């Protein structure tokens, strides 16, 4: 694989294209709490909903702060559209920089996320205008490739992964309409099926600490190298994406746990998950779902290349992740079929979701990458080794 075209730096336009009458471009400054609030107000009412209009992602302000001001970030890549008269923010598209490995070619890219148009401005073809503009701003800073995910099918996906959902509070999920009562069954029986232990089992498991950064960095990079498409983590990115900062982050978004071997005291495993709520759009009993999403993880067991041993170790580690997520009062635990996740999803009672997430590269060609599922869209241990990046 390789780039599709080379961008002529001499010909990148210094001025943005025109917008629909009454609207104008605005760079957002997310260090300004008022502007972070504006973006949150947009996403909270206008961002991704399920096909039944029951739920809407509810990224928190703390989450947006974390997701968008990661190492190397630039305000230029936080793009808004405002109404000229009212000044109201009516659209967004955001990028942050990172490096990816694509079949062991390292690439500098932007991750594109939080593309959003106010419902009242939909179906006006503003999307290609948003895309063209953030493209321009990236080209001006020497970035010519992107990676993104979307639930919609667009030309040439690099992979596709299915969503899986592990009930933690089954009753709540039943009450909000997410989890069914299967027919011959009862509330009690579904609660029993989803019952978790009160304590974790992996010896040496503890919360990640700043002192763990270098060793988690090394382990994660070695583990991620097992995937054709992966995120090439820097130390700063380990710090930012995995180590919660309680003194300056009042609403926690990231949880990370390491396994400190009781004998050697070396870190042999780790896992992490993040907090992303969904608004329950119309329900007298509840107005949000508190979801934990599986993020990055790694284990030394992987490198023996013994599949049964890796499956065993993940079964223990990930059940512990469910236990910890429950203790932190999450309702559900979500994962995709990427990484080695097909090894444990079904046996740990993750239910198959309706959702698929498609992965795309901009201005970069490579062969399709396995996404953890077979042609029936079911988890398959022979279709891993492909997607090693998790996007928010």
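Numbering follows the first chain given and starts at 1. Between two forms, the rigid core is the largest collection of C-alphas that superpose within 1.5 Å.
Enquirer: Quick one: with the core lined up, is it 292-300 or 186-194 that wanders further in 8 other deposited structures of this protein, going by C-alpha RMS?
Expert: When 292-300 and 186-194 are compared in 8 other deposited structures of this protein, the bigger C-alpha shift is seen for 186-194.
Enquirer: Root mean square C-alpha distance from this form after a core fit in 8 other deposited structures of this protein: higher for 177-185 or for 257-265?
Expert: Of the two stretches, the larger average C-alpha offset in 8 other deposited structures of this protein falls on 177-185.
Enquirer: State which stretch shows the higher mean Cα B factor in the entry: 225-233 or 92-100.
Expert: According to the entry, 225-233 carries the higher average C-alpha B-factor.
Enquirer: Highest mean C-alpha temperature factor of the two stretches 299-307 and 266-274, which is it?
Expert: Result: 299-307.
Enquirer: Just to confirm, going by the entry's C-alpha B-factors, which of 146, 219, 291, 183 comes out highest?
Expert: Answer for 146, 219, 291, 183: 183, with the highest C-alpha B-factor.
Enquirer: When the CA B-factors of 179, 279, 159, 135 are compared as recorded in the entry, which is the largest?
Expert: Comparing C-alpha B-factors across 179, 279, 159, 135, the maximum falls on 179.
Enquirer: Of the three thirds of its chain by CA temperature factor, lowest, middle or highest, which one includes residue 18?
Expert: Middle third, going by the recorded CA B-factors of the chain.
Enquirer: Based on the deposited C-alpha B factors for this chain, I'd like to know if residue 38 is in the lowest, middle or highest third.
Expert: For residue 38, the deposited C-alpha B-factor lands in the lowest third.
Enquirer: Going by the entry, which third of its chain does the Cα temperature factor of residue 112 land in?
Expert: Lowest third of the chain for residue 112's C-alpha B-factor.
Enquirer: Within this chain's modelled residues, let me know which third the CA B factor of residue 80 belongs to: lowest, middle or highest.
Expert: Bottom third by C-alpha B-factor.
Enquirer: Rank-wise, by C-alpha B-factor, drop residue 324 into the lowest, middle or highest third of its chain.
Expert: Within its chain, residue 324 is a middle-third residue by C-alpha B-factor, going by the deposited values.
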